[PDB]
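A.B. asks: Right, I'll just put the structure down here and ask away after.
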Amino acid sequence: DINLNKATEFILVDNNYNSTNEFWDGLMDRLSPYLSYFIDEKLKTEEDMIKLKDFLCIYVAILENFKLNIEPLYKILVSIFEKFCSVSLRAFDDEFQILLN
Amino acid sequence: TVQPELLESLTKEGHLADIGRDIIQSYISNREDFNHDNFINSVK
Amino acid sequence: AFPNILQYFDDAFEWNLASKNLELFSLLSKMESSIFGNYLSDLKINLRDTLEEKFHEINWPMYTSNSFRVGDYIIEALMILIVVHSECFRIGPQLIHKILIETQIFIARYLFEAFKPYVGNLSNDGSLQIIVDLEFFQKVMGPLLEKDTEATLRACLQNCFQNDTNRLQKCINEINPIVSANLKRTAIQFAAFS
Amino acid sequence: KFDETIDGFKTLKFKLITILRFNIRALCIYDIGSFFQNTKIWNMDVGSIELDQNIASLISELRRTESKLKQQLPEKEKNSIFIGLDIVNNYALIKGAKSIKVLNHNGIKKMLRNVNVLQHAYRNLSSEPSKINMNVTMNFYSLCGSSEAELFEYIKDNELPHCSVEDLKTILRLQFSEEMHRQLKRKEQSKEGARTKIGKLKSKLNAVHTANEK
Amino acid sequence: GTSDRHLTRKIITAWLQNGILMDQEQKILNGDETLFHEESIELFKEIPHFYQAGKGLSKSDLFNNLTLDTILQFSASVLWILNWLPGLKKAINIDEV
Amino acid sequence: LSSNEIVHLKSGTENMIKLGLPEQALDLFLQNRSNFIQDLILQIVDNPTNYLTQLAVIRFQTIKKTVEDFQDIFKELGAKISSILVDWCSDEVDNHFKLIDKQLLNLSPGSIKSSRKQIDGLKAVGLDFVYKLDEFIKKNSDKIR
Amino acid sequence: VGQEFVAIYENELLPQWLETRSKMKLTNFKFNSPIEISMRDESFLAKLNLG
C-alpha cells in the first residue's frame, strides 16, 4: 500500500521512490536479520526453518511481482539454505553414528 | 579525526560532507599532518 | 459529384447534364477499374502461390490418416483470405470485402479445380484413402459463400475418377462427421468468414 | 543556430558515446568472471562440463539491456553502438582473456563451449552481419587449444588477425607449453619440447610474418 | 558527476582522446565498418591495461560501473535529445528567418 | 496500457466498448497482451529445449487465455473483431518461429514436440498453425536431428 | 492483516496451483511459466484488498 500510486505527488522519481524504500529497509534490517539468522542459526533449527524459507521465499517471490528484490532475497535465503546444509549435515551420519555403534 | 581505523565512513556521514568531497578522508588536511600515510586514496 | 452536379444546376440552368460530362465519371469508372483490379491482382498473385502448397506433396502418394482437416491447401489460402478481409472490413465495410470475397471464391475454386485433373485417376499416388481427404478439404470451402461457387465446388467433387459413383456421394455424406470435427477445431479462426 | 544545433549534435555524440562505453565496459567488466574463474584447470579437470556463471550473467543482462534499449530509443543507433562495441570488445576480450593460467585440454572444450555460447549471444543481438569474432576468437582460442607447432606455423600464415601475436603466439606457446609445463611433476617439465619451443620460439614463433622476432 | 570525489569513473576515464576522438570518428557514421580493433582494443584496453584483464585482475565487474538507475536516466535523456534534434534542429529556415 | 492485472483491463476494456470505440479498444488490448508476453519473455536461453518449451508455453497459453478473454468481452461482437484477433494470433505465431530461428545459430526435436503439442493446445480452442511449423521444418531441416 | 491476506492468497492458493499443475511438465517450476499459467481466478488480489 505504498505503490498504489496515481503517480506522482513527489514526483521523484517518476515511479521510482519505493524502490529506495524497500531498498533501504532491505539494507539496514539486512545485517540485523543476518545475525538473527546466524546467531540464531542455532535458533533457526532444522525444524520450521523449512517453514521460515517457506514463509520467506513466497514473500521473496510475490513481491511487486518483483521490484529490485535481490540481495536480501538471493543472499539471505541462500545463507538459509547454507544453514539447512550444515544443520542437516551434522544431523546426517554423524547423527547416525549409532549405526557406527 | 581520520586516523588509520576511523577515516572512511565516519567521514562519509550525513553532515560529515562538511568535510571535503575528496578531502573527506583528508578532513585533517586542515591540520599540520594531513591524514597519516596516503590521504588521497578516495577520489580515484 | 452527382449531387455536386445537381446542386451545380442551381442558378445554372445549363441543362444539368449531358452525362458525356460524366465521361469523367466513366474515367472514374476506369479509375475504379484500375483500383480494385490492382489489389485483386496481387492477392490473386499471392493466391497463385497457393499452388506451391497443394501441388507439392499434397494429393501425392497420400495415406492422409484422417487428419480433420490437414488441408494446408485450403488452410493458408483461407488464412490470407481472412487476412485481407480482416484488415479492411472496418472502413471499407461491404466494399470488395464482399465483392472480392466472391471473386476470391471464384479464383480459389478454379485454380483449385484444375489440380484434380492430373490425379484424375482417383487414388494418386496413394489417395485411395486421401480420396476422402480431398473430399474433406473440398468440403472445407462451405463456410459462408454463394451457390454457383458451390456449384463449381460440387463440379470439382465429380472431377476425379471416383468422383463418379454415388458411393462417393453418400460415402462423403457419411464422412461428414470428421468435417464437423474440423468445424470445431478449427472453428474460431475462419469463423470470421461467416 | 548552427552553434546551437552544433552543440546539440555534440551532446548526441557524447550521449550515444556514453551508452556504447557503458555496454562495452559492461562486457569487459563481465569478462572478469574469468578473474578468477577459480583455477581454469591444468591439462584437464575432467569432467569439465559448464559454464562459468558470470558469463551467463553477461548473456543475461546483455539480453535484457538490449531489450530495454530496443524499447526506449530508436533502432539505428542501437544497432550501431551495440554492433561495433559488442563485436570488437568480444574479440579483444578474448585477446586479453588469453592471459590466464596453465591450460586444460578438457577446459579447452569448456572455455571453447562458453566462447561459442557468447558467440551465440552477441549473435543473438545480431548475427546476419559479420559475426566473425565467433570465427576469429573461436579458431584463435581453439588455436590456443591447438598445441601443434606445425599448426602454429600453418595458422597465422593463413588467418588470424591476431595483432597481439607477441602475447598470442607466446600464449599458444604457453598452451602447448601449458600442457608441457605440468605434463609431469617434480618437473613439470624438462622444457625439451620447450627447447623445441625455444627453437620454435625462434622458428615457429620468430618467423613472425617477415618481422621475424617473436 | 566529475568532480571525481570520490569515484574512479572508468567510463569517464574512458572519455579521453584520441580514443574519445577516434571514438567520435567511431561515432562519425558511427564508424562505417572500420570498427578498428586498433582503436577499440587500444583505447578500450588502454586504461584497461591496468590489470589488464588480468590475470588475476585489479579491475571491473562492479568496480564503478554506472548503476541501472543512471542507465535509465542516460537512456531517457538520450531519447530526449533524439526527439529534440529533429523537431528543434529543423527550423533553421535560411538564414535568419 | 499499464496494468498487468485483469480487472481494470477487463473493466476499462468493456468501458471502452461502452463508449463504442471497440476496434481501437481491441487493438490496444492486443497490444497490452503483446507487451505482456514480450516482457514475460524477459525471465530466463539457459539451455535450449527447456528454453523453447518455456517460450511456447508463455506465448500460446496466453493467446488461448486471450481468446477466452475475447469471446468473454466481445459478446456478440461478430466476425470482424474476431478477424482482428486472427491477425494478432498469426502475428505472434510468426514471432514465435522468428524467436526459434533467432537461435538456430550454432537442436533436438523434443523442442518441436513441446511446440506442436502446445499448438494443438490452440486447437483446443480451434486454430491450426501446425502447417507453418511444417514449412518451418521443411525449410529448416538442418539441426532438427 | 493485509500481509496475511497476501501470503494467504499466494501461499494458500497459488503454490497449491503451481504444484497442483506441472503435473504436465516437471521442473521448470515456481517461476516465469507458473507466473504465466497462474493467472487463474483468484488472481483478483491487488485491486482493493489492501488498498
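We label chains A, B, ... in the order they appear in the C-alpha cells, count residues from 1 in each chain, and number ligands from 1 in the order shown.
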Dump as a Markdown table the rows for residues of chain D within 6 Å of chain E: closest atom pair and distance in Å with one decimal, only C-alpha atoms counted, ordered by chain and rising residue number.
C.D. replies:
```
| residue | atom | partner | partner_atom | distance |
| --- | --- | --- | --- | --- |
| D:5 | CA | E:89 | CA | 5.8 |
| D:29 | CA | E:61 | CA | 4.1 |
| D:30 | CA | E:61 | CA | 5.7 |
| D:35 | CA | E:56 | CA | 5.4 |
| D:73 | CA | E:79 | CA | 5.5 |
| D:92 | CA | E:41 | CA | 5.8 |
| D:96 | CA | E:53 | CA | 6.0 |
| D:100 | CA | E:55 | CA | 5.4 |
```
A.B. asks: Skip residue 68 (chain F) itself and residues of its chain fewer than 3 positions away, then list as a ChimeraX atom specification all residues within 12 Å of it, counting only C-alpha atoms.
C.D. replies: /C:188 /F:10,61-65,71-75,82,85,122,124-126
A.B. asks: Atoms to include: N, CA and C atoms. Write the selected residues as a compact mmCIF listing (two decimals), in the first residue's frame.
C.D. replies:
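Result saved to selection-v7.txt:
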```txt
# COMPACT_ATOMS: atom_id res chain seq x y z
N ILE C 188 -12.70 -21.09 -34.54
CA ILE C 188 -12.72 -19.65 -34.28
C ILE C 188 -11.83 -18.88 -35.24
N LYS F 10 -10.07 -5.91 -18.06
CA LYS F 10 -11.44 -6.32 -18.34
C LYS F 10 -12.41 -5.14 -18.30
N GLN F 61 -0.08 -20.21 -24.50
CA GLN F 61 -1.02 -20.31 -23.40
C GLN F 61 -1.70 -18.97 -23.16
N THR F 62 -0.94 -17.89 -23.33
CA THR F 62 -1.50 -16.56 -23.15
C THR F 62 -2.43 -16.20 -24.28
N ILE F 63 -2.12 -16.64 -25.50
CA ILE F 63 -3.03 -16.40 -26.61
C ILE F 63 -4.35 -17.11 -26.39
N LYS F 64 -4.30 -18.35 -25.90
CA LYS F 64 -5.53 -19.11 -25.68
C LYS F 64 -6.39 -18.48 -24.60
N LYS F 65 -5.76 -18.08 -23.50
CA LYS F 65 -6.44 -17.31 -22.47
C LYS F 65 -7.00 -16.02 -23.03
N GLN F 71 -13.90 -13.77 -26.50
CA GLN F 71 -15.30 -14.17 -26.56
C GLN F 71 -16.03 -13.81 -25.28
N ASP F 72 -15.32 -13.83 -24.16
CA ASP F 72 -15.78 -13.20 -22.93
C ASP F 72 -16.22 -11.76 -23.14
N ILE F 73 -15.29 -10.90 -23.56
CA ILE F 73 -15.52 -9.46 -23.54
C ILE F 73 -16.40 -9.03 -24.69
N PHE F 74 -16.19 -9.59 -25.86
CA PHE F 74 -16.78 -9.09 -27.09
C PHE F 74 -18.02 -9.87 -27.46
N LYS F 75 -18.83 -10.13 -26.43
CA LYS F 75 -20.11 -10.81 -26.51
C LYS F 75 -21.01 -10.27 -27.62
N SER F 82 -13.28 -10.53 -34.44
CA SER F 82 -12.61 -11.82 -34.40
C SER F 82 -11.52 -11.92 -35.45
N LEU F 85 -8.55 -10.36 -34.23
CA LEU F 85 -7.90 -11.29 -33.32
C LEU F 85 -7.06 -12.31 -34.08
N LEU F 122 -3.65 -24.74 -28.91
CA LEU F 122 -4.51 -23.76 -29.53
C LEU F 122 -5.62 -24.40 -30.33
N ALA F 124 -7.33 -26.64 -29.07
CA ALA F 124 -8.39 -26.83 -28.09
C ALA F 124 -9.43 -25.73 -28.18
N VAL F 125 -9.04 -24.53 -28.59
CA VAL F 125 -9.98 -23.50 -28.97
C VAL F 125 -9.99 -23.31 -30.48
N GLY F 126 -9.45 -24.28 -31.21
CA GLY F 126 -9.72 -24.42 -32.62
C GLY F 126 -9.01 -23.45 -33.53
```
A.B. asks: Do you know which residues are at most 12 Å from region 31-40 of chain F counting only C-alpha atoms, after dropping those on the same chain fewer than 6 positions away, and could you put them as number ranges by chain?
C.D. replies: A: 65; D: 64, 67-68, 71; F: 1-6, 9-10, 13, 24-25, 54-67, 69-70, 84-85, 88-89, 91-93, 95-96, 99; G: 31-37
A.B. asks: Using only C-alpha atoms for the distances, tell me which of F:52, F:44, F:133, F:100 is nearest to chain D.
C.D. replies: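 The answer is F:44, which sits nearest to chain D.
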A.B. asks: So which residues of chain G fall under alpha helix (DSSP H) by DSSP, listed as a list in words?
C.D. replies: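 Output for chain G, alpha helix (DSSP H) only: residues 2, 3, 4, 5, 6, 7, 14, 15, 16, 17, 18, 19, 20, 32, 33, 34, 35, 36 and 37 of chain G.
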A.B. asks: Output N, CA and C atoms for every residue in that selection, as a JSON list (two decimals), in the first residue's frame.
C.D. replies:
```json
[["chain", "number", "residue", "atom", "x", "y", "z"],
["G", 2, "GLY", "N", -3.22, -7.25, 6.18],
["G", 2, "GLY", "CA", -3.09, -7.21, 4.74],
["G", 2, "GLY", "C", -2.05, -8.18, 4.22],
["G", 3, "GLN", "N", -0.89, -8.24, 4.88],
["G", 3, "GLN", "CA", 0.14, -9.21, 4.54],
["G", 3, "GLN", "C", -0.36, -10.63, 4.69],
["G", 4, "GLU", "N", -1.10, -10.91, 5.77],
["G", 4, "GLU", "CA", -1.68, -12.23, 5.95],
["G", 4, "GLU", "C", -2.72, -12.54, 4.88],
["G", 5, "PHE", "N", -3.39, -11.51, 4.36],
["G", 5, "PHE", "CA", -4.24, -11.73, 3.19],
["G", 5, "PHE", "C", -3.41, -12.03, 1.96],
["G", 6, "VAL", "N", -2.23, -11.42, 1.85],
["G", 6, "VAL", "CA", -1.42, -11.56, 0.64],
["G", 6, "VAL", "C", -0.79, -12.94, 0.58],
["G", 7, "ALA", "N", 0.04, -13.26, 1.57],
["G", 7, "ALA", "CA", 0.63, -14.59, 1.66],
["G", 7, "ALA", "C", -0.41, -15.66, 1.93],
["G", 14, "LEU", "N", -1.97, -19.95, -4.54],
["G", 14, "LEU", "CA", -1.14, -20.01, -5.74],
["G", 14, "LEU", "C", -0.20, -21.21, -5.76],
["G", 15, "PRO", "N", 0.63, -21.45, -4.74],
["G", 15, "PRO", "CA", 1.52, -22.62, -4.78],
["G", 15, "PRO", "C", 0.78, -23.93, -4.76],
["G", 16, "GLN", "N", -0.45, -23.93, -4.25],
["G", 16, "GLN", "CA", -1.34, -25.05, -4.45],
["G", 16, "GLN", "C", -1.65, -25.25, -5.92],
["G", 17, "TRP", "N", -1.70, -24.18, -6.70],
["G", 17, "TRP", "CA", -1.98, -24.36, -8.12],
["G", 17, "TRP", "C", -0.73, -24.78, -8.87],
["G", 18, "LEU", "N", 0.39, -24.10, -8.65],
["G", 18, "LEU", "CA", 1.58, -24.38, -9.44],
["G", 18, "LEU", "C", 2.29, -25.65, -8.99],
["G", 19, "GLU", "N", 1.95, -26.18, -7.83],
["G", 19, "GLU", "CA", 2.32, -27.54, -7.53],
["G", 19, "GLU", "C", 1.23, -28.50, -7.94],
["G", 20, "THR", "N", -0.02, -28.03, -7.92],
["G", 20, "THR", "CA", -1.11, -28.83, -8.46],
["G", 20, "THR", "C", -0.96, -28.99, -9.96],
["G", 32, "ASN", "N", 8.65, -18.24, -14.06],
["G", 32, "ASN", "CA", 8.01, -17.48, -15.14],
["G", 32, "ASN", "C", 6.90, -18.25, -15.83],
["G", 33, "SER", "N", 7.03, -19.56, -15.93],
["G", 33, "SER", "CA", 5.99, -20.35, -16.56],
["G", 33, "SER", "C", 4.78, -20.40, -15.65],
["G", 34, "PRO", "N", 4.96, -20.70, -14.36],
["G", 34, "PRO", "CA", 3.80, -20.68, -13.45],
["G", 34, "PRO", "C", 3.32, -19.29, -13.15],
["G", 35, "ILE", "N", 4.19, -18.29, -13.31],
["G", 35, "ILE", "CA", 3.72, -16.92, -13.39],
["G", 35, "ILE", "C", 2.78, -16.77, -14.57],
["G", 36, "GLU", "N", 3.09, -17.44, -15.67],
["G", 36, "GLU", "CA", 2.28, -17.27, -16.86],
["G", 36, "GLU", "C", 0.98, -18.05, -16.80],
["G", 37, "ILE", "N", 1.01, -19.27, -16.27],
["G", 37, "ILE", "CA", -0.18, -20.11, -16.27],
["G", 37, "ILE", "C", -1.09, -19.85, -15.09]]
```
A.B. asks: Would you pick out the contacts of residue 12 (chain B) at 9 Å or less, using only C-alpha atoms, so that residues sharing its chain but fewer than 6 positions from it are not included, and give the list as a ChimeraX atom specification?
C.D. replies: /B:19,24-25
A.B. asks: Counting only C-alpha atoms, which residues of chain G fall within 8 Å of chain A, and what is the closest atom pair for each with its distance in Å at one decimal, ordered by chain and rising number, as a Markdown table?
C.D. replies:
```
| residue | atom | partner | partner_atom | distance |
| --- | --- | --- | --- | --- |
| G:7 | CA | A:59 | CA | 6.9 |
| G:10 | CA | A:58 | CA | 7.2 |
| G:11 | CA | A:58 | CA | 6.5 |
| G:50 | CA | A:1 | CA | 6.7 |
| G:51 | CA | A:1 | CA | 6.1 |
```
A.B. asks: Those same residues - N, CA and C atoms - I'd like them written as a PDB file, in the first residue's frame.
C.D. replies:
```
ATOM      1  N   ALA G   7       0.043 -13.257   1.572  1.00  0.00           N
ATOM      2  CA  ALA G   7       0.630 -14.585   1.663  1.00  0.00           C
ATOM      3  C   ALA G   7      -0.412 -15.661   1.927  1.00  0.00           C
ATOM      4  N   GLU G  10      -1.202 -16.115  -1.975  1.00  0.00           N
ATOM      5  CA  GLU G  10      -0.150 -16.807  -2.714  1.00  0.00           C
ATOM      6  C   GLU G  10       0.160 -18.160  -2.092  1.00  0.00           C
ATOM      7  N   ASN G  11       0.472 -18.174  -0.796  1.00  0.00           N
ATOM      8  CA  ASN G  11       0.895 -19.414  -0.159  1.00  0.00           C
ATOM      9  C   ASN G  11      -0.255 -20.392  -0.005  1.00  0.00           C
ATOM     10  N   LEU G  50      -6.121  -4.552  -0.047  1.00  0.00           N
ATOM     11  CA  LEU G  50      -5.424  -3.789   0.980  1.00  0.00           C
ATOM     12  C   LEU G  50      -5.283  -2.335   0.561  1.00  0.00           C
ATOM     13  N   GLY G  51      -6.115  -1.887  -0.362  1.00  0.00           N
ATOM     14  CA  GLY G  51      -5.996  -0.535  -0.842  1.00  0.00           C
ATOM     15  C   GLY G  51      -7.323   0.082  -1.191  1.00  0.00           C
TER      16      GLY G  51
END
```
A.B. asks: Near residue 105 (chain D), counting only C-alpha atoms, which residues have an atom at most 9 Å away, once you skip same-chain residues fewer than 6 positions from it, shown as JSON, numbers by chain?
C.D. replies: {"D": [41, 42, 43, 44, 45, 145, 179]}
A.B. asks: Pick from F:135, F:28, F:142, F:114: nearest to residue 24 (chain G), with only C-alpha atoms counted?
C.D. replies: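 Of F:135, F:28, F:142, F:114, the one nearest residue 24 (chain G) is F:114, counting only C-alpha atoms.
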A.B. asks: One number please: CA of residue 110 (chain C) to CA of residue 44 (chain C), in Å, one decimal.
C.D. replies: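 For CA of residue 110 (chain C) relative to CA of residue 44 (chain C), the distance reads 11.7 Å.
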A.B. asks: Taking 3 positions as the minimum chain separation for residues in the same chain, which residues sit within 9 Å of residue 65 (chain C) when counting only C-alpha atoms? Answer as a PyMOL selection string.
C.D. replies: chain C and resi 62+129-130+133
A.B. asks: Could you list the residues in chain F lying within 8 Å of chain D, using only C-alpha atoms, and format the result as a PyMOL selection string?
C.D. replies: chain F and resi 42+44+46+102-103+105-106
A.B. asks: Keeping only N, CA, C and O atoms, take the residues you just selected and write them out as a compact mmCIF listing (two decimals), in the first residue's frame.
C.D. replies:
```txt
# COMPACT_ATOMS: atom_id res chain seq x y z
N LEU F 42 11.19 -11.85 -20.86
CA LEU F 42 12.32 -11.31 -20.13
C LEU F 42 12.67 -12.07 -18.87
O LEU F 42 13.56 -11.58 -18.18
N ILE F 44 14.40 -15.64 -17.54
CA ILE F 44 15.18 -16.66 -18.20
C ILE F 44 15.43 -17.81 -17.23
O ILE F 44 16.33 -17.73 -16.40
N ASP F 46 18.98 -20.51 -21.30
CA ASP F 46 19.94 -21.09 -20.38
C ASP F 46 20.55 -22.36 -20.94
O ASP F 46 21.75 -22.58 -20.77
N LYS F 102 15.83 -17.46 -34.26
CA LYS F 102 16.68 -16.43 -33.70
C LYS F 102 17.82 -17.02 -32.89
O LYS F 102 18.88 -16.40 -32.78
N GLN F 103 17.66 -18.23 -32.38
CA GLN F 103 18.82 -19.02 -32.03
C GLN F 103 18.61 -20.41 -32.61
O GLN F 103 18.22 -21.35 -31.92
N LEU F 105 21.50 -20.64 -34.18
CA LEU F 105 22.70 -20.04 -34.72
C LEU F 105 23.88 -20.63 -33.97
O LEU F 105 24.44 -20.03 -33.05
N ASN F 106 24.27 -21.82 -34.40
CA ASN F 106 25.25 -22.65 -33.72
C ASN F 106 25.69 -23.83 -34.61
O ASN F 106 25.08 -24.91 -34.62
```
A.B. asks: Report as a PyMOL selection string all protein, DNA and RNA residues lying within 9 Å of region 83-86 of chain A, evaluated on only C-alpha atoms, omitting residues in the same chain fewer than 5 positions from it.
C.D. replies: chain A and resi 37-38+41-42+44-46+49-50+78+91
A.B. asks: Output the selection as a short mmCIF file (atom, residue, chain, number, x, y, z; two decimals), in the first residue's frame - N, CA and C atoms for each residue.
C.D. replies:
```cif
data_model
loop_
_atom_site.label_atom_id
_atom_site.label_comp_id
_atom_site.auth_asym_id
_atom_site.auth_seq_id
_atom_site.Cartn_x
_atom_site.Cartn_y
_atom_site.Cartn_z
N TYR A 37 19.51 -14.59 11.72
CA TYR A 37 19.51 -15.91 11.13
C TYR A 37 20.85 -16.60 11.26
N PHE A 38 21.84 -15.96 11.89
CA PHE A 38 23.16 -16.55 12.03
C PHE A 38 23.50 -16.95 13.46
N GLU A 41 21.18 -18.90 14.05
CA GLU A 41 21.06 -20.04 13.16
C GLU A 41 20.80 -21.29 13.97
N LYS A 42 21.47 -21.40 15.12
CA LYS A 42 21.11 -22.39 16.12
C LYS A 42 19.68 -22.16 16.60
N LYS A 44 17.55 -21.12 14.64
CA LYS A 44 16.81 -21.29 13.40
C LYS A 44 16.89 -22.76 12.99
N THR A 45 16.65 -23.66 13.95
CA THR A 45 16.96 -25.08 13.83
C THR A 45 16.11 -25.77 12.76
N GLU A 46 16.53 -27.02 12.39
CA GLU A 46 16.17 -27.91 11.26
C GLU A 46 14.69 -28.35 11.24
N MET A 49 12.58 -23.79 10.38
CA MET A 49 13.41 -23.14 9.37
C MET A 49 12.93 -23.47 7.96
N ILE A 50 12.50 -24.72 7.72
CA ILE A 50 11.82 -25.06 6.48
C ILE A 50 10.56 -24.23 6.32
N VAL A 78 19.74 -17.74 0.41
CA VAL A 78 20.92 -18.53 0.07
C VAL A 78 21.61 -19.00 1.34
N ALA A 91 23.41 -33.18 11.29
CA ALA A 91 22.27 -34.06 11.52
C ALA A 91 22.32 -35.31 10.65
#
```
A.B. asks: Please report, as a tab-separated table, each residue of chain A lying at most 12 Å from chain E, together with the nearest pair of atoms and the separation in Å rounded to one decimal; use only C-alpha atoms, and order rows by chain and ascending residue number.
C.D. replies:
```
residue	atom	partner	partner_atom	distance
A:13	CA	E:69	CA	10.0
A:14	CA	E:73	CA	11.1
A:15	CA	E:69	CA	11.9
A:16	CA	E:69	CA	9.1
A:17	CA	E:69	CA	11.4
A:19	CA	E:69	CA	10.4
A:20	CA	E:69	CA	10.8
A:68	CA	E:68	CA	10.5
```
